[PDB]
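Next up: just one chain, as structure tokens, the form deposited in one PDB entry.
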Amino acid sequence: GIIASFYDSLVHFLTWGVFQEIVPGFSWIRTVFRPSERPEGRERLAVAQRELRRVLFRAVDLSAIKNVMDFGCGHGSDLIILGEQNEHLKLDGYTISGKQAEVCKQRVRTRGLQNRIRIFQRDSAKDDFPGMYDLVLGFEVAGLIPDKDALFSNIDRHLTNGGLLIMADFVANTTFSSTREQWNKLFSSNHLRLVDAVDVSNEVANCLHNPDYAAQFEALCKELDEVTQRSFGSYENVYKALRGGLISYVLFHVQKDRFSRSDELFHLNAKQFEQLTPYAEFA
């Protein structure tokens, strides 16, 4: 319900991140639209986006991994950062946007990474991933893909046993509805075990906190285009839902477990879905 409206809206970083506390006067809406007037909020938003990534990758040892798949790679920042900082890695990205693919390819080559990063305009539910991977990334992607069964079969068939899947996505706390049980069915039917999960709902909502959002949004809307108006209304409904606990923004750490009984993956995953760790309790 509320989750589907935010993903219809989306249709350097295309996630927006972890504010440990509300910082008075920061405006996510102003930063995202007029960064030409680069506030501290421009660099403050970048800091919070790196912090989201730090938590997402908390358990991954990149020195041990060889091959990475990003099944919704946006503008390629995650692949490029990984490739720049870990010269041994080989990384592939899929995006369904032709425009995004062109950008990814250009940015990859500008940084001299075209020998280790490949970009494809392909559909992660319809097109097999092009290799066998040790780590799979889906940051705000799986929630956008209707055929989740096909997506998670594709992930399974192209993940080495014991390989890792890290995802940022939404859990609904009350037709795929993003419930715990629905995510669990996807993982357990496809040889995936939830290892742990950090709930950053409070800190993501801190990023979107704007006591003057109404008069701020009108001022920017004056330089407008209408598809972008209901798209940022979908974001304020996510704020309420996050504050209210209706949905959770969750950073999943998942491991492929080919040798375990699927019914036992489900049993174990269900326990882990009830012990999400609040970011405020994370270190």
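For every residue, the number given is its place in the sequence shown, counted from 1. Rigid core here is just the name for the largest C-alpha set that superposes within 1.5 Å across the two forms.
Novice: Checking chain continuity here. Are there deposited residues lacking coordinates between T110 and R111, and if so is it 1 to 3, 4 to 9, or 10 or more (or none)?
Specialist: None; the chain is continuous from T110 to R111.
Novice: Enter the number of deposited residues without atomic coordinates between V11 and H12, binned as none, 1 to 3, 4 to 9, or 10 or more.
Specialist: Going from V11 to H12, the model skips 10 or more residues of the deposited sequence.
Novice: Is the mean CA B factor in the deposited entry higher across 88-96 or across 209-217?
Specialist: Per the deposited B-factors, the answer is 209-217.
Novice: Per the entry, where is the mean C-alpha temperature factor higher: 130-138 or 145-153?
Specialist: Going by the record's values, the stretch with the higher mean is 145-153.
Novice: Of the options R58, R34, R50, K256, which has the highest CA B factor as deposited?
Specialist: Each of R58, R34, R50, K256 was compared by C-alpha B-factor; the highest is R34.
Novice: Going by the entry, which third of its chain does the Cα temperature factor of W16 land in?
Specialist: For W16, whose C-alpha B-factor we compare with every modelled residue in the chain, the answer is the highest third.
Novice: Name the third of the chain's ranked CA B-factors that contains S248, choosing lowest, middle or highest.
Specialist: It belongs to the middle third of the chain when residues are ordered by C-alpha B-factor.
Novice: Test of reading the entry: by CA B factor among the chain's modelled residues, which third contains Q121?
Specialist: For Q121, whose C-alpha B-factor we compare with every modelled residue in the chain, the answer is the middle third.
Novice: Based on the entry's values, in what third of the chain does the Cα temperature factor of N190 lie: lowest, middle or highest?
Specialist: Answer is lowest: the recorded C-alpha B-factor places it there.
Novice: Sorting the chain's modelled residues by C-alpha B-factor, tell me whether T179 ends up in the lowest, middle or highest third.
Specialist: It belongs to the middle third of the chain when residues are ordered by C-alpha B-factor.
The form deposited in another entry is left out here; the points below concern that form.
Novice: Which residue, chosen from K240, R38, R258, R54, moves its CA by 2 Å or more between the shown form and the other one under a rigid core superposition?
Specialist: The only residue crossing the 2 Å threshold is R38.
Novice: Is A64 displaced by at least 2 Å at its C-alpha between the shown form and the other one when the rigid core is overlaid?
Specialist: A64: C-alpha displaced by less than 2 Å between the shown form and the other one.
Novice: Following rigid core alignment, is the displacement of the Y213 C-alpha between the shown form and the other one equal to or greater than 2 angstroms?
Specialist: Yes, shifts by 2 Å or more.
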